[PDB]
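Spelled out from the first residue to the last, the chains are:
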Amino acid sequence: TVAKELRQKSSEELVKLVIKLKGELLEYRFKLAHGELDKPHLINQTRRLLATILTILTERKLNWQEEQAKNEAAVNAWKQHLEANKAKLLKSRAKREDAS
Amino acid sequence: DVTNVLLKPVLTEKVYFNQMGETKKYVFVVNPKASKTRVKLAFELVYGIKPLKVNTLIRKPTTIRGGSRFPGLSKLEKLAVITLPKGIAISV
Amino acid sequence: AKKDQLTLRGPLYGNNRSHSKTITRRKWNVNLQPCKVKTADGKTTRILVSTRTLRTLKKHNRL
Amino acid sequence: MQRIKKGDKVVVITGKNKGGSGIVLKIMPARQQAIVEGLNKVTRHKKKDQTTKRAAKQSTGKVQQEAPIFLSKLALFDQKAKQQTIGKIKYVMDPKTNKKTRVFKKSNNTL
RNA sequence: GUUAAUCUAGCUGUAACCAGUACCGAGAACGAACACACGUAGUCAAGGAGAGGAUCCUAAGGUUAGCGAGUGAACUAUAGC
RNA sequence: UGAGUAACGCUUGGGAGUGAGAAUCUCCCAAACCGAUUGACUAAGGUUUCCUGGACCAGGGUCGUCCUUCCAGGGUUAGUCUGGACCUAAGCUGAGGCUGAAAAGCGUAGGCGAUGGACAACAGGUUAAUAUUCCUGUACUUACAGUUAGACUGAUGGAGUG
RNA sequence: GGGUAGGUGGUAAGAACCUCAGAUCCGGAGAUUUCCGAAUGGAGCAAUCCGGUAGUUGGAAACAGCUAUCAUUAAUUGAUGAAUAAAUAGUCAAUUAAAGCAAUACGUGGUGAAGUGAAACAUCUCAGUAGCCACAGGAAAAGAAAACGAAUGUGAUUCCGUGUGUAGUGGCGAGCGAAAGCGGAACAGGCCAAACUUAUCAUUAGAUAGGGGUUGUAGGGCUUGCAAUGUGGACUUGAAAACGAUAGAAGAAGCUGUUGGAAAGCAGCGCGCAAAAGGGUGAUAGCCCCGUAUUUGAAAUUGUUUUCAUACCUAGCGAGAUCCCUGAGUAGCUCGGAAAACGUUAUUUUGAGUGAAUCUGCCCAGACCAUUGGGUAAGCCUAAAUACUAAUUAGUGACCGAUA
């Protein structure tokens, strides 16, 4: 039921749960765009749970309590891109100064 | 930071041709009111990779099901294509 | 408008006739005249005032 | 309250299938039918193969399947006595065990 | 402001938003109730003869005009004599 | 009824293939065409008709395996191009204001309204559907800091180019 | 709160789920409610673009998210503030209301046609209709006599019938048409200025705020007495009660054979009605089903009425006195109109001018004078009785049945 939502700490745990459910629902919809979901019913269930938690939060205050303190391979590819750009710029400037 | 601008990633033959290269192109369908920077921020905060190029395009509503005793209209759609630095690929 | 600033009272519309008793929708305009009025605040201001109200002000020492 | 509860025995009053007994499975009170097992076995023709030659388990032939029965044609069955009479139903009895109970009008037997 | 601001120049990093982008387009898709011989902005503009974007045949490029097959009366239209 | 008649609204032939059936569908080869045009590139307008697969009930002034027809699935990617966030001509709206029974009409300060002004990207390749945008190569502008060198910077206003 | 076994809104077959730890459903009360749109941060080609300001997070920043606000007018209050010293206009800051829509229907008001009839037509009728416009309201408007009017009179207003196709008005033509009185619907009258007086206004205030009175059987103020402690509602709130309204519950009675695809129709014997309205069920069913008359039921919201308490407003009868007051561009008059049944005549109203009295008054009784009698304008407010139904509930129909 929904009475179990009034009992818990409505300050910080509920909003973290909302964020986790939003992330999971987004992943679920992404899987729905693909073939591997296999559980149609979860989308509406999560949507209704999110609606209920939003209502119970709105009865008191806002959803976004951001005032608090709310991959890794990117570094390698970014280093490669920066190196390539640096090399291109260096050779361009070297040719430009060699022109005269 | 709501992630309410990524509806569905499409999978067509043009896409399949697109990722086979060295850039690993990605394409999403986006809320028609979200701009380039919004999509860039959402993509950065959903996978952790800062995109290099972000491009957008639109599809006008088109008449579909011409003979049905009720002429329906195709829904307005906006697509955002995101490209990454060469040499990386991430699952969805 | 063609109305005095002391009270909303404009023209009157009616019928004009001749010896043939033919009807004609004709308007009659209340007379207006820009006579300065001195408000009891040390100030004077010019507004469109009807001649009858002007006589009332003259007899009421309101200038 | 509804006359027929899913699970109990039922008989038919009028129609071709006189003196027939059965168990209720599905009820559509919105448009007033009733599904009873073992009765009104109509000969469905599984017309699937001739649409296209792709599907499997599509051409089996004449198959008996249930057909809906109008709700008002049914009557609940009595078996709490040696000599039973298929009678009416009364909802007024209210023990504290549940909200309401049902009883045959022509006798005094629970459900 | 001169206890520094203000621009100028190079190096380092960083940002560049929103709407249009298909196809048709002196016409079979546009405006003429039509797959009508009607009408419509600008831009490219080949060779021989020629003053010329006229005239004749062609280059690049592109169409097969959405009914036909016969005979070759009178008569009609187009022309030639 | 008018009647299976008038008209069917700027042109061909052959071979092979598809097919249930082909003058019309496909391919191949010819010819006859306009060529300051029936071609190549786009404004305003049409909003999917563009591509692929399927079908030929209806629509194709004949037929039809085929269609700008229908169904199903896809397709337009921009710091530099088109127009905004820059600028103004007619003209529109219009605070205060004037005016008129009322509705309202006029007009100031302002604000909008390009067919014009300033404004930085070119060549090539790739897809059936996009490409100064996707990609390869080479460039530029405008903000933004940190850093470094030099320098007193010089407006909403004045003046000339514009 | 009611109510339980199915539910995932219709084109609906289904894969996957929820479900008696009380689901779906009904009613009441609550929240998100993107954008346009009176649209109001600024514009615009309605569903678009661009912002300013204040917090908050990422950062080095541009900026980006996450929140709130930013139209105008009118009123009030404050600061500011010119030509010109002050002061005024203007400016800024803050608060409070609208700004529109529609119910093809009613109301008030402003403006305001022609065709047509008169067998033509200008007077006239249509018509004070249609259209346009302003503002409403739950109805609106009007309203307490300076009335009628011929009476030993009635006594606010509103609506109906009659009076009556009467009196009359009309190129005396088409036409038009009252007012009394009577019988009905409903019914109740109150509140300001004035003299008098108090307090304050550079006390010159002429202005501000309090008592006093609401006028014709003339009244009120003044000086001075008696007796009230109450009649009461156009009426402030609190406590309760009844009757509804928005969900539901209980709620009677049959078999047998028959033609028959199927019985409920038909035949035999039965049963109940405060329930023989109606609908469905393989043919026209009282007893097959939902129901229906009646008896009940409201967590919450809401309406009307009733009782008590309570706040404001209110009361009778005397005496003096040539004491004072009793609605100013007011009314008549003239020049043109208009509502009046009247086509301009007292009545009423007003565009231009003219412009009194103070109870010994003023006006009224279709020119006027005198007498007689009646009433107190030039201030304000008002419930019901009247018209209408786009909405919700229930019901009705000698109204229609797919060219209706």
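Residues numbered from 1 in each chain as written, not as in the entry; some residues may be left out. Chains lettered and ligands numbered in written order. Part of a larger assembly, values for the part shown. Heavy atoms only, no water.

## As for the overall build of chain A
- Tallying secondary structure elements over chain A gives four helices and zero strands in all.
- Seen in sequence order, chain A has helices and strands lined up from the N terminus as α-α-α-α.
- The globule rule puts the C-alpha radius of gyration for 100 residues at 13 Å, and the 25 Å found for chain A is more than 25% above it.
- Each of the three principal axes of chain A carries a C-alpha extent, and together these read 80 × 40 × 20 Å.
- With 100 residues in all, chain A has 18% of them scored as buried. (Helix = DSSP H or I, 4+ residues; strand = E, 2+ residues; numbered from the N terminus. Rg over C-alpha atoms; globule rule 2.2 N^0.38 Å. Buried < 20%, exposed > 50% of the residue type's maximum accessible area, 1.4 Å probe, protein only.)

## As for the protein's contact with RNA strand E
- All residues in the neighbourhood of RNA strand E are listed as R93 of chain A together with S35, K36, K40, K50, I58, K60 and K78 of chain B.
- Taking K50 of chain B, its side chain carries an N or O atom lying 2.3 Å from a phosphate oxygen of RNA strand E.
- At 2.4 Å from a phosphate oxygen of RNA strand E is found a side-chain nitrogen or oxygen belonging to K78 of chain B.
- Class assignment for the residues of the surface near RNA strand E results in one nonpolar, one polar and six charged. (Near = heavy atom within 4 Å. Polar contact = N/O pair within 3.5 Å; in protein donor to acceptor, adjacent residues only side chain to side chain. Nonpolar A, V, L, I, M, F, W, Y, C, P; charged D, E, K, R; others polar.)

## Side note on the interface of chain B and chain A
- Each side of the interface is counted separately: chain B has 18 residues, and chain A has 13 residues.
- Around 1500 Å² of area is buried between chain B and chain A when both sides are counted, 70% of it from carbon and sulfur atoms.
- The tally of links between chain B and chain A comes to zero salt bridges.
- The interface formed by chain B and chain A holds one residue pair in polar contact in total.
- Considered class by class, the residues forming the side of chain B that touches chain A number 13 nonpolar, two polar and three charged. (Contact = heavy atoms within 4.5 Å. Buried area = accessible area lost by both parts, 1.4 Å probe. Salt bridge = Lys/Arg side-chain N within 4 Å of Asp/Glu carboxyl O.)

## Re the sheet that holds strand β7 (residues 74-76) of chain D
Residues and elements named next belong to chain D.
- Ordered in space as β6-β3-β2-β1-β7, the five strands form an open sheet in which the pairing is antiparallel. Sheet topology places β6 (69-70) and β7 at the edges, where each strand pairs with a single neighbour.
- The sheet contact formed by strand β2 (residues 21-26) and strand β3 (residues 33-36) spans two bridges and is antiparallel. Its bridge partner lying in β3, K26 is registered against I35. (Pairing = 2+ DSSP bridges.)

## Brief notes about empty space enclosed by the protein
- When its volume is computed, the largest cavity comes out at roughly 40 Å³.
- Lining the largest cavity are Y26, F28, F43, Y47, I49, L84, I90, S91 and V92 of chain B.
- Elements supplying a minimum of two residues to the lining of the largest cavity: β1 (26-30) and α2 (36-47) of chain B.
- A class-by-class count of the residues in the lining of the largest cavity yields eight nonpolar, one polar and no charged.
- Here the second largest cavity is characterised by a volume of approximately 30 Å³.
- Taken together, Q2, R3, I4, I27, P29 and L71 of chain D make up the full set of residues lining the second largest cavity.
- Taken together, the residues that form the lining of the second largest cavity break down as four nonpolar, one polar and one charged. (1 Å grid on protein atoms, 1.4 Å probe; cavity = no way out; pocket = protein on both sides within 12 Å on 5 of 7 lines; lining within 4 Å. Points joined across faces, edges and corners; volume = space filled by probe spheres on them.)

## Some words on the packing of aromatic side chains
- Within this structure, the stated rule accounts for three aromatic pairs over all chains.
- Between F43 of chain B and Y47 of chain B, the ring centres sit 5.7 Å apart and the planes meet at 75°, which makes this aromatic pair edge-to-face. Of this pair, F43 of chain B and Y47 of chain B both sit in helix α2, four residues apart, which is roughly one turn of that helix. Assigned by exposure class, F43 of chain B and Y47 of chain B land together as buried.
- Through successive ring pairs, a cluster of aromatic residues spans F30 of chain A together with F28, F43 and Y47 of chain B. (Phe/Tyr/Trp six-rings, centres within 6.5 Å; stacked < 30°, edge-to-face > 60°.)

## Some words on the packing of helix α2 (residues 13-33) of chain A against helix α3 (residues 42-58) of chain A
Residue and element names in this part refer to chain A.
- One way to put it is that α2 packs onto α3 with a least axis distance of 10 Å and a crossing angle of 155°. When the axis of α2 is compared with that of α3, the two are roughly antiparallel. The element α2 and its partner α3 pack so that their crossing is left-handed. For the pair α2 and α3, the contacting residues are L14, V18, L21, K22, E24, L25, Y28 and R29 in the first and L42, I43, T46, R47, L49, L50, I53 and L57 in the second. (Axes fitted to C-alpha atoms, helices over the stretch in contact; angles between N-to-C directions. Parallel < 35°, antiparallel > 145°, perpendicular 65-115°, else oblique. Left-handed = near helix turned anticlockwise from the far one by under 90°.)

## Overview of the arrangement of the chains
- The two units chain A and chain C are non-contacting; their minimal C-alpha-C-alpha distance is 54 Å.
- At their nearest point, the C-alpha atoms of chain A and chain D are still 21 Å apart, with no contact between the two.

## What about the side chain of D78 of chain D?
Residues and elements named next belong to chain D.
- Tracing the backbone shows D78 in the loop between β7 and β8 (89-90).
- For the buried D78, no salt bridge exists, and the shortest N-O distance to an oppositely charged side chain is 7.5 Å, to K80.
- One polar contact links the side chain of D78 to the main-chain amide nitrogen of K80, over a distance of 3.3 Å.
- Other than its neighbours up to four places away in sequence, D78 contacts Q84, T85, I86, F104 and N109. (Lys, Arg positive; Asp, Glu negative; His and termini not counted.)

## Brief notes about a positive patch on the surface
- Positive charge collects at one region of the surface, where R9, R52, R55, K58 and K59 of chain C lie side by side.
- On the secondary structure map, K59 of chain C appears in helix α1 (residues 51-59). (Patch = residues over 30% accessible without salt bridge, like charges linked within 9 Å, V, L, I, M, F, W, Y side chains within 5 Å. Areas by Shrake-Rupley, 256 points an atom, 1.4 Å probe, with all protein chains shown as cover. Charge placed at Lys NZ, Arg CZ, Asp CG, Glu CD.)

## Digging into the side chain of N109 of chain D
- Here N109 of chain D lies in the segment after β9 (103-104).
- Here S107 of chain D takes part through its side chain, which lies 2.8 Å from a polar atom of the side chain of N109 of chain D.

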